[PDB]
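Take a look at this single chain in structure tokens; it is the form deposited in one PDB entry.
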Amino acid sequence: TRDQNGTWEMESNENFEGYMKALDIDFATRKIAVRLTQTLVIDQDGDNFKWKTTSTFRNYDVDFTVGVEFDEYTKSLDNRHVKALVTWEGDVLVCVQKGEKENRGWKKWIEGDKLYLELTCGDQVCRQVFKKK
């Protein structure tokens, strides 16, 4: 069939490094690229094609209910099992991840027009700020 419509997810990718050197891509960029997965969405109207390719490194979704404990496996992150519980502290959403790591969790809150996020592990805190699209 010539119908190539659809969202496609890459399943196999060989000699991608050799092809990348043929285009003179620098070695640091080639290191990133070989670990990336690729999604390719084709929108086809006969001989008229439009397709988009996105290259991602690590996807990670989660779905929970506030105030209900849930088991969480952090695959593609650190690959640990934790017993997670998320509660509101006023306007701050607070998550504790009980497991091997001490002080493991995050805090997420709206301030003005922006989302702030603080990830914590042990004595390390990562602070992140997002703007809404």
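For every residue, the number given is its place in the sequence shown, counted from 1.
Another form exists, deposited in another entry; not displayed. Remarks below refer to it.
- Summary of the rigid-body analysis between the shown form and the other one: the C-alpha atoms of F70 and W109 are best fitted by the same part's superposition.
- The distance between the CA atoms of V62 and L40 is at least 3 Å longer in the other entry than in the form shown here.
- Cα-Cα spacing of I32 to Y73 is reduced in the other entry versus the present form (difference of at least 3 Å).
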